[PDB]
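Student: Handing over work36.pdb, PDB, C-alpha atoms.
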```pdb
ATOM      1  CA  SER M   1     -18.516   9.633   2.484
ATOM      2  CA  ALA M   2     -20.171   6.494   3.968
ATOM      3  CA  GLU M   3     -16.925   4.771   3.008
ATOM      4  CA  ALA M   4     -14.796   7.574   4.576
ATOM      5  CA  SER M   5     -16.952   7.406   7.681
ATOM      6  CA  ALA M   6     -16.488   3.626   7.941
ATOM      7  CA  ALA M   7     -12.698   3.858   7.422
ATOM      8  CA  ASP M   8     -12.331   6.669   9.997
ATOM      9  CA  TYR M   9     -14.290   4.578  12.451
ATOM     10  CA  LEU M  10     -12.115   1.503  11.879
ATOM     11  CA  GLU M  11      -8.964   3.607  12.362
ATOM     12  CA  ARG M  12     -10.294   4.937  15.662
ATOM     13  CA  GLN M  13     -10.896   1.281  16.646
ATOM     14  CA  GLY M  14      -7.269   0.380  15.999
ATOM     15  CA  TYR M  15      -7.357  -0.859  12.412
ATOM     16  CA  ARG M  16      -5.057   0.058   9.591
ATOM     17  CA  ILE M  17      -6.686   0.598   6.178
ATOM     18  CA  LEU M  18      -4.924  -1.414   3.481
ATOM     19  CA  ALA M  19      -7.254  -0.679   0.570
ATOM     20  CA  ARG M  20     -10.372   1.349  -0.198
ATOM     21  CA  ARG M  21     -12.745   0.492  -3.075
ATOM     22  CA  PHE M  22     -10.647  -2.491  -4.099
ATOM     23  CA  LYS M  23     -11.647  -3.681  -7.597
ATOM     24  CA  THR M  24     -10.983  -6.927  -9.379
ATOM     25  CA  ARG M  25     -12.627  -8.508 -12.490
ATOM     26  CA  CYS M  26     -14.906 -10.683 -10.361
ATOM     27  CA  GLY M  27     -15.723  -8.540  -7.323
ATOM     28  CA  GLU M  28     -14.917  -5.650  -5.105
ATOM     29  CA  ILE M  29     -14.309  -4.840  -1.427
ATOM     30  CA  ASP M  30     -15.189  -1.488   0.063
ATOM     31  CA  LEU M  31     -12.477  -1.641   2.711
ATOM     32  CA  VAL M  32      -9.585  -3.972   3.493
ATOM     33  CA  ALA M  33      -8.461  -3.412   7.071
ATOM     34  CA  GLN M  34      -5.929  -4.995   9.368
ATOM     35  CA  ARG M  35      -5.468  -5.356  13.104
ATOM     36  CA  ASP M  36      -2.783  -7.660  14.497
ATOM     37  CA  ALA M  37      -2.718 -10.988  12.515
ATOM     38  CA  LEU M  38      -6.294 -10.376  11.297
ATOM     39  CA  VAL M  39      -7.417  -9.130   7.861
ATOM     40  CA  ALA M  40     -10.979  -7.884   7.601
ATOM     41  CA  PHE M  41     -12.762  -7.533   4.279
ATOM     42  CA  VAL M  42     -15.462  -4.989   4.913
ATOM     43  CA  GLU M  43     -18.710  -4.207   3.047
ATOM     44  CA  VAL M  44     -20.052  -0.717   3.781
ATOM     45  CA  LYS M  45     -23.880  -0.465   3.618
ATOM     46  CA  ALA M  46     -26.406   2.349   4.279
ATOM     47  CA  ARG M  47     -28.404   1.067   7.319
ATOM     48  CA  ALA M  48     -31.012  -7.535  11.899
ATOM     49  CA  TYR M  49     -28.560  -7.793   8.921
ATOM     50  CA  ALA M  50     -27.747 -10.301   6.178
ATOM     51  CA  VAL M  51     -25.323 -10.166   3.230
ATOM     52  CA  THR M  52     -26.798 -11.192  -0.099
ATOM     53  CA  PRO M  53     -25.481 -14.348  -1.729
ATOM     54  CA  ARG M  54     -24.450 -12.115  -4.692
ATOM     55  CA  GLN M  55     -22.476  -9.716  -2.524
ATOM     56  CA  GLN M  56     -20.917 -12.637  -0.631
ATOM     57  CA  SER M  57     -19.891 -14.208  -3.963
ATOM     58  CA  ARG M  58     -18.318 -10.955  -5.095
ATOM     59  CA  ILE M  59     -16.512 -10.137  -1.846
ATOM     60  CA  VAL M  60     -15.133 -13.698  -1.602
ATOM     61  CA  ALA M  61     -13.967 -13.498  -5.236
ATOM     62  CA  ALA M  62     -12.312 -10.144  -4.555
ATOM     63  CA  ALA M  63     -10.730 -11.406  -1.230
ATOM     64  CA  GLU M  64      -9.206 -14.319  -3.170
ATOM     65  CA  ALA M  65      -7.648 -11.918  -5.732
ATOM     66  CA  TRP M  66      -6.355  -9.686  -2.928
ATOM     67  CA  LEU M  67      -4.820 -12.472  -0.845
ATOM     68  CA  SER M  68      -3.026 -13.899  -3.858
ATOM     69  CA  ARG M  69      -1.345 -10.551  -4.550
ATOM     70  CA  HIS M  70      -0.419 -10.038  -0.871
ATOM     71  CA  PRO M  71       1.547 -13.157   0.146
ATOM     72  CA  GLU M  72       2.224 -11.505   3.528
ATOM     73  CA  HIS M  73      -1.445 -12.321   4.354
ATOM     74  CA  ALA M  74      -1.507 -15.847   2.855
ATOM     75  CA  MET M  75      -1.797 -17.278   6.390
ATOM     76  CA  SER M  76      -3.506 -14.412   8.294
ATOM     77  CA  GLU M  77      -6.811 -14.773  10.015
ATOM     78  CA  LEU M  78      -9.511 -13.631   7.584
ATOM     79  CA  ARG M  79     -12.846 -12.159   8.617
ATOM     80  CA  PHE M  80     -15.757 -10.796   6.564
ATOM     81  CA  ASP M  81     -17.424  -7.749   8.012
ATOM     82  CA  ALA M  82     -20.133  -5.233   7.436
ATOM     83  CA  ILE M  83     -20.392  -1.596   8.564
ATOM     84  CA  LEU M  84     -23.795  -0.028   8.534
ATOM     85  CA  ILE M  85     -23.889   3.742   8.010
ATOM     86  CA  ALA M  86     -27.105   5.412   9.228
ATOM     87  CA  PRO M  87     -27.932   9.164   9.410
ATOM     88  CA  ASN M  88     -27.952  10.225  13.075
ATOM     89  CA  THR M  89     -25.665   7.666  14.644
ATOM     90  CA  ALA M  90     -22.199   6.147  14.802
ATOM     91  CA  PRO M  91     -21.201   3.464  12.260
ATOM     92  CA  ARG M  92     -22.264  -0.014  13.350
ATOM     93  CA  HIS M  93     -19.552  -2.634  12.864
ATOM     94  CA  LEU M  94     -20.721  -6.217  12.286
ATOM     95  CA  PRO M  95     -17.534  -8.312  12.458
ATOM     96  CA  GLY M  96     -17.934 -11.708  10.855
ATOM     97  CA  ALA M  97     -21.198 -10.658   9.185
ATOM     98  CA  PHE M  98     -20.870 -13.927   7.188
ATOM     99  CA  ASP M  99     -18.742 -17.055   7.429
ATOM    100  CA  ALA M 100     -16.421 -17.954   4.534
ATOM    101  CA  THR M 101     -14.771 -20.744   6.592
ATOM    102  CA  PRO M 102     -13.924 -24.181   5.040
TER     103      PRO M 102
ATOM    104  CA  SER S   1     -17.215 -39.452 -17.110
ATOM    105  CA  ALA S   2     -18.267 -38.392 -13.565
ATOM    106  CA  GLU S   3     -20.042 -35.539 -15.336
ATOM    107  CA  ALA S   4     -21.628 -37.925 -17.914
ATOM    108  CA  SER S   5     -22.667 -40.210 -15.083
ATOM    109  CA  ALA S   6     -24.291 -37.321 -13.190
ATOM    110  CA  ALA S   7     -26.123 -36.050 -16.307
ATOM    111  CA  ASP S   8     -27.387 -39.548 -17.218
ATOM    112  CA  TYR S   9     -28.651 -39.933 -13.685
ATOM    113  CA  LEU S  10     -30.479 -36.591 -13.759
ATOM    114  CA  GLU S  11     -32.094 -37.515 -17.094
ATOM    115  CA  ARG S  12     -33.319 -40.808 -15.648
ATOM    116  CA  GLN S  13     -34.796 -38.748 -12.772
ATOM    117  CA  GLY S  14     -36.781 -36.587 -15.175
ATOM    118  CA  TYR S  15     -34.461 -33.633 -15.732
ATOM    119  CA  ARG S  16     -33.489 -32.038 -18.988
ATOM    120  CA  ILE S  17     -29.826 -31.016 -19.352
ATOM    121  CA  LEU S  18     -29.514 -27.411 -20.508
ATOM    122  CA  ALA S  19     -25.738 -27.037 -20.280
ATOM    123  CA  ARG S  20     -22.674 -29.106 -19.413
ATOM    124  CA  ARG S  21     -19.383 -27.545 -18.241
ATOM    125  CA  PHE S  22     -20.803 -24.040 -18.477
ATOM    126  CA  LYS S  23     -17.984 -21.454 -18.357
ATOM    127  CA  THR S  24     -18.060 -17.756 -17.667
ATOM    128  CA  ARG S  25     -15.256 -15.285 -16.708
ATOM    129  CA  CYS S  26     -16.115 -15.519 -13.012
ATOM    130  CA  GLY S  27     -17.208 -19.129 -12.501
ATOM    131  CA  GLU S  28     -18.449 -22.352 -13.912
ATOM    132  CA  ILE S  29     -21.280 -24.870 -13.462
ATOM    133  CA  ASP S  30     -20.826 -28.549 -14.160
ATOM    134  CA  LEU S  31     -24.460 -29.104 -15.096
ATOM    135  CA  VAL S  32     -27.491 -26.879 -15.619
ATOM    136  CA  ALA S  33     -30.636 -28.991 -15.444
ATOM    137  CA  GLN S  34     -34.339 -28.307 -15.568
ATOM    138  CA  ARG S  35     -37.481 -30.005 -14.324
ATOM    139  CA  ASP S  36     -40.829 -28.210 -14.485
ATOM    140  CA  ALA S  37     -40.421 -24.518 -13.381
ATOM    141  CA  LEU S  38     -37.181 -25.388 -11.541
ATOM    142  CA  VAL S  39     -33.591 -24.741 -12.686
ATOM    143  CA  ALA S  40     -30.871 -26.633 -10.861
ATOM    144  CA  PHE S  41     -27.240 -25.565 -10.972
ATOM    145  CA  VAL S  42     -25.304 -28.696 -10.188
ATOM    146  CA  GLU S  43     -21.731 -29.229  -8.924
ATOM    147  CA  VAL S  44     -20.399 -32.726  -9.640
ATOM    148  CA  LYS S  45     -17.894 -33.993  -7.021
ATOM    149  CA  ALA S  46     -16.000 -37.293  -6.508
ATOM    150  CA  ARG S  47     -17.427 -38.640  -3.187
ATOM    151  CA  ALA S  48     -21.852 -35.439   5.294
ATOM    152  CA  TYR S  49     -21.214 -32.808   2.534
ATOM    153  CA  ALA S  50     -20.446 -29.087   2.342
ATOM    154  CA  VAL S  51     -19.694 -26.783  -0.610
ATOM    155  CA  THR S  52     -16.663 -24.562  -0.170
ATOM    156  CA  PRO S  53     -17.217 -20.821   0.044
ATOM    157  CA  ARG S  54     -14.975 -20.540  -3.073
ATOM    158  CA  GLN S  55     -17.032 -23.003  -5.086
ATOM    159  CA  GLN S  56     -20.258 -21.362  -3.884
ATOM    160  CA  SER S  57     -18.900 -17.960  -4.980
ATOM    161  CA  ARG S  58     -18.023 -19.331  -8.399
ATOM    162  CA  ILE S  59     -21.257 -21.247  -8.994
ATOM    163  CA  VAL S  60     -23.354 -18.236  -7.905
ATOM    164  CA  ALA S  61     -21.317 -15.978 -10.219
ATOM    165  CA  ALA S  62     -21.795 -18.428 -13.085
ATOM    166  CA  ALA S  63     -25.585 -18.861 -12.310
ATOM    167  CA  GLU S  64     -25.962 -15.067 -12.501
ATOM    168  CA  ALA S  65     -24.281 -14.981 -15.954
ATOM    169  CA  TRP S  66     -26.447 -17.884 -17.136
ATOM    170  CA  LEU S  67     -29.758 -16.461 -15.922
ATOM    171  CA  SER S  68     -29.053 -13.116 -17.549
ATOM    172  CA  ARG S  69     -28.537 -14.776 -20.938
ATOM    173  CA  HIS S  70     -31.651 -16.969 -20.553
ATOM    174  CA  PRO S  71     -34.537 -14.557 -19.862
ATOM    175  CA  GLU S  72     -36.935 -17.530 -20.048
ATOM    176  CA  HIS S  73     -35.579 -18.491 -16.576
ATOM    177  CA  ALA S  74     -35.512 -14.961 -15.088
ATOM    178  CA  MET S  75     -38.379 -15.953 -12.760
ATOM    179  CA  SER S  76     -37.878 -19.747 -12.420
ATOM    180  CA  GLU S  77     -37.263 -21.452  -9.143
ATOM    181  CA  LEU S  78     -33.496 -21.774  -8.697
ATOM    182  CA  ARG S  79     -31.797 -24.503  -6.690
ATOM    183  CA  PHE S  80     -28.113 -25.272  -6.074
ATOM    184  CA  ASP S  81     -27.246 -28.933  -6.035
ATOM    185  CA  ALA S  82     -24.421 -31.360  -5.675
ATOM    186  CA  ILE S  83     -23.988 -34.863  -7.127
ATOM    187  CA  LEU S  84     -21.436 -37.085  -5.517
ATOM    188  CA  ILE S  85     -19.843 -39.705  -7.774
ATOM    189  CA  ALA S  86     -18.293 -42.653  -5.899
ATOM    190  CA  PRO S  87     -16.785 -45.883  -7.346
ATOM    191  CA  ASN S  88     -19.151 -48.775  -6.580
ATOM    192  CA  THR S  89     -22.467 -47.007  -6.238
ATOM    193  CA  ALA S  90     -25.137 -44.876  -7.875
ATOM    194  CA  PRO S  91     -24.682 -41.078  -8.030
ATOM    195  CA  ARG S  92     -25.904 -39.355  -4.875
ATOM    196  CA  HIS S  93     -27.980 -36.247  -5.571
ATOM    197  CA  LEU S  94     -27.941 -33.531  -2.895
ATOM    198  CA  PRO S  95     -30.629 -31.052  -3.995
ATOM    199  CA  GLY S  96     -30.241 -27.666  -2.369
ATOM    200  CA  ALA S  97     -26.721 -28.519  -1.173
ATOM    201  CA  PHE S  98     -26.444 -24.785  -0.302
ATOM    202  CA  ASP S  99     -28.857 -21.877  -0.011
ATOM    203  CA  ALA S 100     -28.397 -18.842  -2.282
ATOM    204  CA  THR S 101     -31.760 -17.367  -1.159
ATOM    205  CA  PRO S 102     -32.174 -13.598  -0.411
TER     206      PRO S 102
END
```
In structure tokens, write the structure found in this file.
Tutor:
Amino acid sequence: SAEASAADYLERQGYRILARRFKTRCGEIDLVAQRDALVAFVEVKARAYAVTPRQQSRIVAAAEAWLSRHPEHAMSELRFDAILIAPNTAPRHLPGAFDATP
Amino acid sequence: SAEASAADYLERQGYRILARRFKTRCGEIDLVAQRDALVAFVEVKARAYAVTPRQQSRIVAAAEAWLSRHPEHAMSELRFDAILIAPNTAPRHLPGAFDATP
């Protein structure tokens, strides 16, 4: 329901959800969302903030698998996000929570 | 022979080679080397310098697989390195080429 909360939030903020709980052999992505020419790969976390090298490794590995199977996004802007879900407050969206830029 | 060059260099610099061309389902490590309580996971590259998010993802994934299967290093100091191999010069060792610290 943290994941449903996060997705509902992103939809209210103008995103389309492309995948939920996306699994591949080498990683996973809680949400894949799109707005305009931008694809966001989103980690949902129970609530500064810093993504673990392990999670980064796994989300990058999963993004790679996703992009390969969705040629329509081969040249889209990619962004790695977090959403923090805490008990008595709105989801907090951290766009670009880490940089996977070359 | 870039890999042999790198390993020979590290041995001259006091390291023991634990693995060469280490493969796992989700990544690979060109050299695993040890000195004292320190394990170095080393990417060998033909010659500042910056490891790609993809390679980082893969070397971290492979380090994780390695560490799990070598309990003796569960609590060792870990470092991620690069060695640059260029044509008319000694290997260049970049210890801690990236940070995988939590």
Student: Let me know the residues the PyMOL selection byres ((chain M) within 12 of (chain S)) catches in the file above, as an mmCIF file with C-alpha atoms, in the coordinates of the input.
Tutor:
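Contents of result_29.cif, freshly written:
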```cif
data_model
loop_
_atom_site.group_PDB
_atom_site.id
_atom_site.type_symbol
_atom_site.label_atom_id
_atom_site.label_comp_id
_atom_site.auth_asym_id
_atom_site.auth_seq_id
_atom_site.Cartn_x
_atom_site.Cartn_y
_atom_site.Cartn_z
ATOM 1 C CA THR M 24 -10.983 -6.927 -9.379
ATOM 2 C CA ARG M 25 -12.627 -8.508 -12.490
ATOM 3 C CA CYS M 26 -14.906 -10.683 -10.361
ATOM 4 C CA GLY M 27 -15.723 -8.540 -7.323
ATOM 5 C CA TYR M 49 -28.560 -7.793 8.921
ATOM 6 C CA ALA M 50 -27.747 -10.301 6.178
ATOM 7 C CA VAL M 51 -25.323 -10.166 3.230
ATOM 8 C CA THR M 52 -26.798 -11.192 -0.099
ATOM 9 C CA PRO M 53 -25.481 -14.348 -1.729
ATOM 10 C CA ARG M 54 -24.450 -12.115 -4.692
ATOM 11 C CA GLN M 55 -22.476 -9.716 -2.524
ATOM 12 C CA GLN M 56 -20.917 -12.637 -0.631
ATOM 13 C CA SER M 57 -19.891 -14.208 -3.963
ATOM 14 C CA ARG M 58 -18.318 -10.955 -5.095
ATOM 15 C CA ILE M 59 -16.512 -10.137 -1.846
ATOM 16 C CA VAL M 60 -15.133 -13.698 -1.602
ATOM 17 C CA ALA M 61 -13.967 -13.498 -5.236
ATOM 18 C CA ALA M 62 -12.312 -10.144 -4.555
ATOM 19 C CA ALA M 63 -10.730 -11.406 -1.230
ATOM 20 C CA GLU M 64 -9.206 -14.319 -3.170
ATOM 21 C CA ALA M 65 -7.648 -11.918 -5.732
ATOM 22 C CA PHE M 98 -20.870 -13.927 7.188
ATOM 23 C CA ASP M 99 -18.742 -17.055 7.429
ATOM 24 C CA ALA M 100 -16.421 -17.954 4.534
ATOM 25 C CA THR M 101 -14.771 -20.744 6.592
ATOM 26 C CA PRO M 102 -13.924 -24.181 5.040
#
```
Student: How would chain M read as a compact mmCIF listing (two decimals) with C-alpha atoms, in the frame of the given file once least-squares superposed on chain S using all paired C-alpha atoms?
Tutor:
```txt
# COMPACT_ATOMS: atom_id res chain seq x y z
CA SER M 1 -17.21 -39.45 -17.11
CA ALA M 2 -18.27 -38.39 -13.56
CA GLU M 3 -20.04 -35.54 -15.34
CA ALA M 4 -21.63 -37.92 -17.91
CA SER M 5 -22.67 -40.21 -15.08
CA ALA M 6 -24.29 -37.32 -13.19
CA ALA M 7 -26.12 -36.05 -16.31
CA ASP M 8 -27.39 -39.55 -17.22
CA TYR M 9 -28.65 -39.93 -13.68
CA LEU M 10 -30.48 -36.59 -13.76
CA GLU M 11 -32.09 -37.52 -17.09
CA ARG M 12 -33.32 -40.81 -15.65
CA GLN M 13 -34.80 -38.75 -12.77
CA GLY M 14 -36.78 -36.59 -15.17
CA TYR M 15 -34.46 -33.63 -15.73
CA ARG M 16 -33.49 -32.04 -18.99
CA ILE M 17 -29.83 -31.02 -19.35
CA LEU M 18 -29.51 -27.41 -20.51
CA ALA M 19 -25.74 -27.04 -20.28
CA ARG M 20 -22.67 -29.11 -19.41
CA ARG M 21 -19.38 -27.54 -18.24
CA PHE M 22 -20.80 -24.04 -18.48
CA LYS M 23 -17.98 -21.45 -18.36
CA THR M 24 -18.06 -17.76 -17.67
CA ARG M 25 -15.26 -15.29 -16.71
CA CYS M 26 -16.11 -15.52 -13.01
CA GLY M 27 -17.21 -19.13 -12.50
CA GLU M 28 -18.45 -22.35 -13.91
CA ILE M 29 -21.28 -24.87 -13.46
CA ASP M 30 -20.83 -28.55 -14.16
CA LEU M 31 -24.46 -29.10 -15.10
CA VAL M 32 -27.49 -26.88 -15.62
CA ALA M 33 -30.64 -28.99 -15.44
CA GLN M 34 -34.34 -28.31 -15.57
CA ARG M 35 -37.48 -30.00 -14.32
CA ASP M 36 -40.83 -28.21 -14.49
CA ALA M 37 -40.42 -24.52 -13.38
CA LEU M 38 -37.18 -25.39 -11.54
CA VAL M 39 -33.59 -24.74 -12.69
CA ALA M 40 -30.87 -26.63 -10.86
CA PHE M 41 -27.24 -25.57 -10.97
CA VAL M 42 -25.30 -28.70 -10.19
CA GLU M 43 -21.73 -29.23 -8.92
CA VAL M 44 -20.40 -32.73 -9.64
CA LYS M 45 -17.89 -33.99 -7.02
CA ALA M 46 -16.00 -37.29 -6.51
CA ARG M 47 -17.43 -38.64 -3.19
CA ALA M 48 -21.85 -35.44 5.29
CA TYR M 49 -21.21 -32.81 2.53
CA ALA M 50 -20.45 -29.09 2.34
CA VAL M 51 -19.69 -26.78 -0.61
CA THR M 52 -16.66 -24.56 -0.17
CA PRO M 53 -17.22 -20.82 0.04
CA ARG M 54 -14.97 -20.54 -3.07
CA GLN M 55 -17.03 -23.00 -5.09
CA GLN M 56 -20.26 -21.36 -3.88
CA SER M 57 -18.90 -17.96 -4.98
CA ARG M 58 -18.02 -19.33 -8.40
CA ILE M 59 -21.26 -21.25 -8.99
CA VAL M 60 -23.35 -18.24 -7.90
CA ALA M 61 -21.32 -15.98 -10.22
CA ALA M 62 -21.80 -18.43 -13.09
CA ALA M 63 -25.58 -18.86 -12.31
CA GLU M 64 -25.96 -15.07 -12.50
CA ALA M 65 -24.28 -14.98 -15.95
CA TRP M 66 -26.45 -17.88 -17.14
CA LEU M 67 -29.76 -16.46 -15.92
CA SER M 68 -29.05 -13.12 -17.55
CA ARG M 69 -28.54 -14.78 -20.94
CA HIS M 70 -31.65 -16.97 -20.55
CA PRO M 71 -34.54 -14.56 -19.86
CA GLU M 72 -36.93 -17.53 -20.05
CA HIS M 73 -35.58 -18.49 -16.58
CA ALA M 74 -35.51 -14.96 -15.09
CA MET M 75 -38.38 -15.95 -12.76
CA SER M 76 -37.88 -19.75 -12.42
CA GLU M 77 -37.26 -21.45 -9.14
CA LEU M 78 -33.50 -21.77 -8.70
CA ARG M 79 -31.80 -24.50 -6.69
CA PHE M 80 -28.11 -25.27 -6.07
CA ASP M 81 -27.25 -28.93 -6.04
CA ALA M 82 -24.42 -31.36 -5.67
CA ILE M 83 -23.99 -34.86 -7.13
CA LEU M 84 -21.44 -37.08 -5.52
CA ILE M 85 -19.84 -39.70 -7.77
CA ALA M 86 -18.29 -42.65 -5.90
CA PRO M 87 -16.78 -45.88 -7.35
CA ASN M 88 -19.15 -48.78 -6.58
CA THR M 89 -22.47 -47.01 -6.24
CA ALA M 90 -25.14 -44.88 -7.87
CA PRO M 91 -24.68 -41.08 -8.03
CA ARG M 92 -25.90 -39.35 -4.88
CA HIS M 93 -27.98 -36.25 -5.57
CA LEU M 94 -27.94 -33.53 -2.89
CA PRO M 95 -30.63 -31.05 -3.99
CA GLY M 96 -30.24 -27.67 -2.37
CA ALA M 97 -26.72 -28.52 -1.17
CA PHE M 98 -26.44 -24.79 -0.30
CA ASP M 99 -28.86 -21.88 -0.01
CA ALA M 100 -28.40 -18.84 -2.28
CA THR M 101 -31.76 -17.37 -1.16
CA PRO M 102 -32.17 -13.60 -0.41
```
Student: Of the residues M:16, M:92, M:45, M:23, which is the one nearest to residue 3 in chain M, using only C-alpha atoms?
Tutor: M:45
Student: Which polymer residues have any atom within 9 Å of an atom of residue 84 in chain S, counting only C-alpha atoms, with same-chain residues fewer than 5 positions away left out, as a VMD selection string?
Tutor: chain S and resid 2 6 43 to 47 90 to 94
Student: Name the closest residue to residue 83 in chain M among the candidates M:48, M:1, M:7, M:22; distances are taken between atoms, counting only C-alpha atoms.
Tutor: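 Smallest separation from residue 83 in chain M among the options: M:7.
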